[PDB]
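Novice: What follows is a structure written as structure tokens; I'll ask about it next.
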There are 2 protein chains.
Amino acid sequence: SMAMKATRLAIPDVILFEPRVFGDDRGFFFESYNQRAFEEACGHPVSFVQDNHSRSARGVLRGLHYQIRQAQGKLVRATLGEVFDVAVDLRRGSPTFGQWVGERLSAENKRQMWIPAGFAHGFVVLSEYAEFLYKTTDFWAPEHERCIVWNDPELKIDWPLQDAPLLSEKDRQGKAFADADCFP
Amino acid sequence: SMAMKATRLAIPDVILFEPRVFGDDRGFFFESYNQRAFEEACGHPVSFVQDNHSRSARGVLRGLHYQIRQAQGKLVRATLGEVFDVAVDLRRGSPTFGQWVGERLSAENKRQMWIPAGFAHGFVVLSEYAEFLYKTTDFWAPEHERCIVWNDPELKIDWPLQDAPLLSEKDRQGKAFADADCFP
């Protein structure tokens with residue numbers, strides 16, 4: 001069925017993609033996205049309207065973000081460095097509501113995650129510096145972004161970390177999972 | 001067009017040659033290679049810089065070899081015994097990427113295969129002993145040879161075998177087609 005690997009995770013709708021590479025470390029070529037494979041993989045059509053690119057230093061943790069209005073699916077990867085990327089299922093009635101999955105994505109391993117509408121998203125940087133890019137199905141609007149605090153006790157996420165995250169004020173002020181409005 | 005038969009296989013760039021023989025089993029003469037016929041057959045110039053000769057016993061399977069750097073076309077035959085020789089297309093964008101073809105080459109049938117740059121190559125010995133020789137367009141460098149495991153499930157190669165291959169450690173440690181770096 002492919003020519004990039006696709007693997008459903010503990011939470012099935014969340015998918016990990018692995019591009020096939022051609023060439024080697026001194027020259028290589030790879031497909032970072034293929035509408036056909038991606039749609040066959042996720043089982044439905046998708047339109048990406050915005051691409052976002054960011055750079056953040058070791059230990060920066062941007063996180064537990066999601067928009068309830070102007071909801072968005074996100075396809076994320078690391079073109080530089082290594083992050084641990086996390087997805088939380090906040091879908092009304094989901095059998096896996098309140099569950100999370102996480103994976104290391106890096107420029108070396110070239111892995112990506114699709115995180116559908118209805119999930120909260122986050123990552124922490126593990127390398128000296130990380131460059132993160134994602135494609136979304138709708139635009140990032142601050143007036144609509146909610147947040148769940150990274151270190152929430154019930155989610156009890158396994159941050160491969162071992163040093164306090166450098167968080168933004170906003171993310172520090174994150175809501176407790178218990179108090180979090182979730183997705184219809 | 002000839003005076004050795006040339007036949008394109010299911011994967012067109014891979015060619016099977018059959019020399020015309022003169023004489024018989026108690027004396028015979030045949031042309032194992034003719035720059036002119038070969039170039040007309042394969043459609044472009046070729047230079048061969050190294051010839052390799054090997055002897056291996058029944059069931060030895062040396063395989064799924066290719067070099068991405070110092071890439072090589074290979075023209076192979078059996079001067080003694082019988083092998084089943086296999087070619088796998090690993091060319092970025094090839095319509096037949098991930099496809100394979102195989103043929104029995106022997107000292108008796110005198111058949112040969114041209115396996116261009118961009119393919120992985122392998123053979124298993126079917127006779128008591130086999131002597132294998134090939135001409136390549138660039139030199140065998142171990143520091144560059146990659147390998148796909150002979151019994152890969154997706155390639156699902158039809159090894160006329162019926163007994164476990166005696167493999168080298170290296171070939172045992174072969175990569176899965178899925179994880180294999182391929183040719184730009």
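Residues are referred to by chain and number: the chain letter is A, B, ... according to the order shown in the structure tokens, the number counts from 1 in that chain, and ligands are numbered separately from 1 in the order shown.
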Could you please tell me, as a list in words, which residues of chain A have an atom within 6 Å of chain B when using only C-alpha atoms?
Specialist: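 Result: residues 21, 22 and 23 of chain A.
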Novice: What does the file look like for those residues with N, CA, C and O atoms, as a PDB file, in the first residue's frame?
Specialist:
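The new file selection_32.pdb reads:
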```pdb
ATOM      1  N   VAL A  21      13.732   7.023   1.827  1.00  0.00           N
ATOM      2  CA  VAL A  21      14.793   7.900   1.400  1.00  0.00           C
ATOM      3  C   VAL A  21      15.506   7.339   0.208  1.00  0.00           C
ATOM      4  O   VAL A  21      15.592   6.148   0.030  1.00  0.00           O
ATOM      5  N   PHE A  22      16.022   8.225  -0.621  1.00  0.00           N
ATOM      6  CA  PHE A  22      16.781   7.827  -1.774  1.00  0.00           C
ATOM      7  C   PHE A  22      18.083   8.608  -1.726  1.00  0.00           C
ATOM      8  O   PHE A  22      18.069   9.829  -1.638  1.00  0.00           O
ATOM      9  N   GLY A  23      19.207   7.917  -1.800  1.00  0.00           N
ATOM     10  CA  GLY A  23      20.489   8.578  -1.712  1.00  0.00           C
ATOM     11  C   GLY A  23      21.005   8.333  -0.317  1.00  0.00           C
ATOM     12  O   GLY A  23      20.581   7.391   0.331  1.00  0.00           O
TER      13      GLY A  23
END
```
Novice: Could you go through chain A and tell me which residues DSSP, when run on the backbone, assigns to strand (DSSP E), listing them as a PyMOL selection string?
Specialist: chain A and resi 5-8+15-18+21-24+27-30+50-57+61-67+74-80+82-89+100-106+112-115+119-125+129-136+145-147
Novice: Would you list the contacts of residue 100 in chain B as a list in words, taking every protein, DNA or RNA residue within 7 Å and counting only C-alpha atoms, but skipping same-chain residues closer than 6 positions in sequence?
Specialist: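 My list of contacting residues is residues 86, 87, 88 and 89 of chain B.
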Novice: With only C-alpha atoms as the counted atoms, please give the residues lying no more than 9 Å from residue 52 in chain A, apart from itself and same-chain residues fewer than 2 positions off, as a list in words.
Specialist: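 Once the nearby chain positions are removed, what remains is residues 50, 54, 132, 133, 134, 135 and 136 of chain A.
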Novice: Please produce a file of those selected residues containing N, CA, C and O atoms, as an mmCIF file, in the first residue's frame.
Specialist:
```cif
data_model
loop_
_atom_site.group_PDB
_atom_site.id
_atom_site.type_symbol
_atom_site.label_atom_id
_atom_site.label_comp_id
_atom_site.auth_asym_id
_atom_site.auth_seq_id
_atom_site.Cartn_x
_atom_site.Cartn_y
_atom_site.Cartn_z
ATOM 1 N N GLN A 50 -2.286 26.147 5.634
ATOM 2 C CA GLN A 50 -1.221 26.955 6.210
ATOM 3 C C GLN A 50 -0.035 26.095 6.634
ATOM 4 O O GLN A 50 -0.225 25.000 7.130
ATOM 5 N N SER A 54 9.077 26.867 12.823
ATOM 6 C CA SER A 54 9.530 27.495 14.061
ATOM 7 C C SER A 54 10.901 26.978 14.510
ATOM 8 O O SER A 54 11.305 25.887 14.128
ATOM 9 N N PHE A 132 10.812 23.028 13.703
ATOM 10 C CA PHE A 132 9.567 22.310 13.654
ATOM 11 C C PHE A 132 8.684 22.933 12.578
ATOM 12 O O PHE A 132 8.592 24.157 12.454
ATOM 13 N N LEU A 133 8.101 22.098 11.733
ATOM 14 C CA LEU A 133 7.165 22.588 10.729
ATOM 15 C C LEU A 133 5.927 21.707 10.671
ATOM 16 O O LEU A 133 5.990 20.506 10.885
ATOM 17 N N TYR A 134 4.763 22.306 10.504
ATOM 18 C CA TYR A 134 3.565 21.499 10.370
ATOM 19 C C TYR A 134 2.620 22.104 9.365
ATOM 20 O O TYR A 134 2.721 23.293 9.016
ATOM 21 N N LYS A 135 1.717 21.257 8.872
ATOM 22 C CA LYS A 135 0.723 21.667 7.930
ATOM 23 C C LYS A 135 -0.615 21.546 8.664
ATOM 24 O O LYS A 135 -0.877 20.544 9.305
ATOM 25 N N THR A 136 -1.464 22.549 8.596
ATOM 26 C CA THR A 136 -2.767 22.465 9.253
ATOM 27 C C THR A 136 -3.900 22.634 8.271
ATOM 28 O O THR A 136 -3.717 23.228 7.221
#
```
Novice: Which of these, B:173, B:127, B:151, B:32, has the shortest distance to residue 111 in chain B once you count only C-alpha atoms?
Specialist: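 Smallest distance to residue 111 in chain B is found for B:32.
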Novice: Show me, as an MDAnalysis selection string, the residues that have an atom within 12 Å of residue 170 in chain A when counting only C-alpha atoms, minus same-chain residues fewer than 2 positions from it.
Specialist: chainID A and resid 61:65 142 145:150 166:168 172:175
Novice: I need the alpha helix (DSSP H) residues of range 6-83 of chain B per DSSP on the backbone, written as a PyMOL selection string.
Specialist: chain B and resi 35-42
Novice: Tell me which of B:128, B:154, B:171, B:82 sits closest to residue 108 in chain B, counting only C-alpha atoms.
Specialist: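 Among the listed residues, the smallest separation from residue 108 in chain B belongs to B:82.
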